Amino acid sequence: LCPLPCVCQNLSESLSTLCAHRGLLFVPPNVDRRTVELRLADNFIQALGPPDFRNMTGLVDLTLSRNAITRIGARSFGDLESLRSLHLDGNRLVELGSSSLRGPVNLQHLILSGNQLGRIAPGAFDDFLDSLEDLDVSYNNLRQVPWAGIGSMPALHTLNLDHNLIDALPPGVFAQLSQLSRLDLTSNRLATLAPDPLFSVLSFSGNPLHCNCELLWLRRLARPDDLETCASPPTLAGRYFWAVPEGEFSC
């Protein structure tokens, strides 16, 4: 029912197995399959596979933050049909495959920040497309985000793409995102941007902005100074984006 290092709190017909900061080397196999909240954060589990979370139908909240997971097997979360939140932050993941995130069909929160993700498959989020309300891919090495998947989530209200290496933002990626309230693009490799609407919150500070005529539409907006800086042309290098007059954006 409860693994030796773990503590189980039985709420009104609801199981919560807490194994946080207990020095685990791998997910314990003696966890009850009736558990709803599985907390495995601050451990040292390096590998996830199919038998770790097999037959767990009613698992709602699974947190695996600040671990040492370098590899996630094909269909590790395959039986997690009720999974509404999945935390995989502060890990060593480099590539996310199509089979890795298969399973949580009603997933609403996906935290994948603080890893070393360089490539994510285009069909990785295909099983949790409609449901996904929050997508966090902060602090990774991402050059290209899977825009086809991220653009097919009608319920997404938060997308954290900050602290990555994204050099291009296409024009069809912002289309069809009605509930999008937050889009963080801080600390990336973006030099140019294309006129995008729905300006209610977009952050783009710490980007190598090319302050010329192509970036004059953005300079005309009523937005706060988030300390955005010009990296090129050399005359504008070092100067704040919101402090340089509109007449100095020449070609």
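Residue positions are given as counts along the sequence shown, with the first one as 1.
Participant: Residues without coordinates, deposited sequence, stretch from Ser200 to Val201: is the count none, 1 to 3, 4 to 9, or 10 or more?
Facilitator: In the deposited sequence, 10 or more residues between these two have no coordinates.
Participant: Output the stretch having the higher mean C-alpha B factor in the entry; the candidates are 142-150 and 110-118.
Facilitator: Here the higher of the two C-alpha B-factor means belongs to 142-150.
Participant: Which has the higher mean CA temperature factor in the PDB entry, 176-184 or 82-90?
Facilitator: Higher mean C-alpha B-factor: 176-184.
Participant: Relative to the other modelled residues of the same chain, rank the CA B-factor of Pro224 and answer lowest, middle or highest third.
Facilitator: It falls in the middle third of the chain.
Participant: C-alpha B factor of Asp32, ranked within the chain: lowest, middle or highest third?
Facilitator: Middle third - that is where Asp32 ends up once the chain's C-alpha B-factors are sorted.
Participant: Thinking about Cα B factors across the chain, which third does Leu96 belong to?
Facilitator: Highest third of the chain for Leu96's C-alpha B-factor.
Participant: Going by the entry, which third of its chain does the Cα temperature factor of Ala124 land in?
Facilitator: Within its chain, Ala124 is a highest-third residue by C-alpha B-factor, going by the deposited values.
Participant: Test of reading the entry: by CA B factor among the chain's modelled residues, which third contains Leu216?
Facilitator: Ranked within chain, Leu216 CA B lands in the highest tercile.
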